[PDB]
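This report concerns only the one structure given below.
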Amino acid sequence: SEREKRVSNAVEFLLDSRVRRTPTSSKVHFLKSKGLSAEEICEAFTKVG
């Protein structure tokens, strides 16, 4: 599904060691800019440990 693709792509982005030091505020805006909702964003954040 389109939602599953959005969330799974987000998780993969977030797991990249190179993006760790990226401000969480900008991660939120970035994910919104890729079409994710607030609930999708929270789901993506918590799939990462």
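Heads up: the sequence shown begins at 23 in the entry's author numbering, then just goes up one per residue. From the three backbone atoms N, C-alpha and C, an ideal C-beta is built for every residue, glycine too.
Exercise. Would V33 pass as a contact of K69 if the rule is Cβ separation under 7 Å?
Worked result: yes
Exercise. Are the CB atoms of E65 and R28 nearer to each other than 7 Å?
Worked result: no
Exercise. Which residue comes first and which comes last in the alpha helix (DSSP H) that contains residue 17?
Worked result: The first residue shown for the chain is 23 and the last is 71, placing residue 17 beyond what the model contains.
Exercise. Who are the near neighbours of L53 in its chain, counting only those whose CB is closer than 6 Å to its CB and skipping five residues on each side?
Worked result: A32, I63
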